[PDB]
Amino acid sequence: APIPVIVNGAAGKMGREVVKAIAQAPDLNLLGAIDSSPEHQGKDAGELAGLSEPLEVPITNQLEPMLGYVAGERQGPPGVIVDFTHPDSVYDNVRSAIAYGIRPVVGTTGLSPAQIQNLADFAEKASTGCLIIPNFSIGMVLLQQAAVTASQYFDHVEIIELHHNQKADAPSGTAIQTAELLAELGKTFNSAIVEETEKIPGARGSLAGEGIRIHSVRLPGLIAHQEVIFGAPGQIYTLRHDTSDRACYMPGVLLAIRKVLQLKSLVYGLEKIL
């Protein structure tokens, strides 16, 4: 009895992909594809995202009809909506799904902490599960969980993060998220056993909460990589995540879709279901 899944933002880039992966997944069944683009309207969702025989689903553009349709007891699992929609509409699409009882799986792009607070409230009151997901890559999130665990027994830790050299911001978003997570415990790391001298400014990286250091490397040849290094006497423990090309959200997306069924309220971060 596979899961019935709506994909909002269906004709979009990540959207097209997710449609593809749901087709390949037997325990997941696409009931409906939605997009704003008038140019993509009639087409079949499967065919459109590039595969062989077209499914039986056209790329319509009205949400509630499809929601109501889904929340009509299928006899199988509760229904899921995966959103990949422009920032404008994300809050309202999500809220609209929650209202109908349909579980949202959606990234944080387009959503402010205050809005998430509000969606949290709608979900608790609705007792409808919802996943807000800052990072979709499994490896990153296992790394994050593993680091959080380890931080309770190690007092010393540094983060090294390496990206392609076209990348403007430093440190990256993810290295900082990872630092917040570690620092949420209210434990201070890296307490000095010596007064340091910076012979050259910048050598020790940036300071990011509860004494944690982040170092940022930029070179061509890299894509996205992150390494967390925990130290103790006689001992080093290193968690690394490397990205090979930028289409590895998928297992996370599908994992979100499966795991949200277990939820009666909103959860921030995938590292919490895992």
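Note that residue numbering begins at 1 and tracks the sequence as displayed.
Averaged over their C-alpha atoms, the temperature factors of 126-134 and 142-150 are higher for 126-134. Averaged over their C-alpha atoms, the temperature factors of 11-19 and 253-261 are higher for 11-19. Across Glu158, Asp169, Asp121, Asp92, the greatest Cα temperature factor reported in the deposited entry is at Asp121. Looking at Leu51, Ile236, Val217, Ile214, the one whose CA carries the top B-factor in the deposited record is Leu51. For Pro104, the recorded CA temperature factor ranks within the lowest third of the chain's modelled residues. Sorting the modelled residues of the chain by their CA temperature factor places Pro65 in the highest third. In the deposited entry, the Cα temperature factor of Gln226 sits in the bottom third of values across the chain's modelled residues. Among the modelled residues of its chain, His163 has a C-alpha B-factor that falls in the lowest third, as given in the PDB entry. In this PDB entry, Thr243 carries a Cα temperature factor that places it within the lowest third of its chain's modelled residues.
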